[PDB]
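The data below hold one chain only, encoded as structure tokens and taken in the form deposited in one PDB entry.
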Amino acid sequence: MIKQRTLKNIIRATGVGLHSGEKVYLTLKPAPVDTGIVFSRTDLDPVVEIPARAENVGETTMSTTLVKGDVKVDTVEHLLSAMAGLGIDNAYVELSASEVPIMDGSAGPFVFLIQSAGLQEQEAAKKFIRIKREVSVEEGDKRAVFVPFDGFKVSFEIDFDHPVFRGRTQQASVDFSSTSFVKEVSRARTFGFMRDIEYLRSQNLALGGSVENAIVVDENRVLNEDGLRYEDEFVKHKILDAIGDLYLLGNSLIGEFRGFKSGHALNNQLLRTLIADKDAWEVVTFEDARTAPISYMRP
């Protein structure tokens, strides 16, 4: 059978919140079967735990934020994308502050942490959610769609309307597996445009962001000395974000996601739209791993 997995060892990292600019200590720990990914605010008394589930997404302004009462865990998407990419079903994520550290702006440092801690297979069937029929959401010039597919395909289209793109809409599609996640997605960094600084300043956002942990674009060009990791790094990051936001469903999806200028808000609305359409999806397990729809790394 296709099994659930967790981490084999505890591992630690330090960084800063992209939006808060606050130093934060992170600890990843193994967790039991059927736990999912759970964030724990160990700086609070009492300690507050927030499951990383779509229903706990309370804010989606330039990040995905989990909320339980007055307690928040911000910017969960890049970590969650790495957990999804490596097939980590269950884990605890302890934080000393309200925001996951941004690291280098990509999921690469989280792939490092997960692979260095190692994986532990658990004796429980992995439950997948399979898309049976098309579901979509649309807010203005943004749209997000699920359609059936036997695997997990993440497609994205976005026109950034900036000179670095040479007037070309950015498009990419990834046939998801742990290997294609590592190869094609994991290292794509977050990004910002200087045209948006007044907006960010006014909302006290991106306080921890710079060329050290993000691609920064001025009126003409990418400011980062070494340029881009991928020619299509911007759209590949949008795919990284979608993988992390979609993992908040609580189960790996068997289907195709198509994003059209979509972001965190619409990603969460698509999950709520899908969940509510009870006949558009089903829960499945695999007794015979030879029919597995998605290839995950072995522990």
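So that the term is clear: the rigid core is the largest set of C-alpha atoms that superpose within 1.5 Å between two forms. Position 1 is the first residue in the sequence shown; the rest follow in order.
As recorded in the PDB entry, 41-49 is the stretch of 265-273 and 41-49 with the greater mean C-alpha temperature factor. As recorded in the PDB entry, 165-173 is the stretch of 165-173 and 101-109 with the greater mean C-alpha temperature factor. When the C-alpha B-factors of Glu139, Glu77, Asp150, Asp89 are read from the PDB record, the largest value belongs to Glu139. Annotation for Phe181: C-alpha temperature factor in the lowest third relative to the rest of the modelled chain, per the entry. Placement of the Cα temperature factor of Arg189 within the chain: lowest third of the modelled residues, per the deposited record. In the deposited entry, the Cα temperature factor of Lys68 sits in the top third of values across the chain's modelled residues.
Among all modelled residues in this chain, the alpha-carbon of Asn56 has a temperature factor (C-alpha) in the lowest third. When all modelled residues of the chain are sorted by CA temperature factor, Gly227 is found within the highest third.
The next section is about a form of this same protein that is not shown, the form deposited in another entry.
Only one candidate in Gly118, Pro148, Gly151, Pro163 has its Cα displaced by 2 Å or more between the shown form and the other one after core superposition: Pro163. A movement of the C-alpha atom of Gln203 reaching 2 angstroms or beyond is seen between the shown form and the other one when the two forms are aligned on their rigid core. Residue displacement note: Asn213 has its CA displaced by under 2 Å between the shown form and the other one (rigid core superposed). With the core held fixed between the shown form and the other one, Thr179 has its Cα displaced by at least 2 Å.
By 3 Å or more, the C-alpha separation between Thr179 and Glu94 grows in the other entry relative to the form shown here.
The pair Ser177 and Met103 is at least 3 angstroms farther apart at the CA level in the other entry than in the present model.
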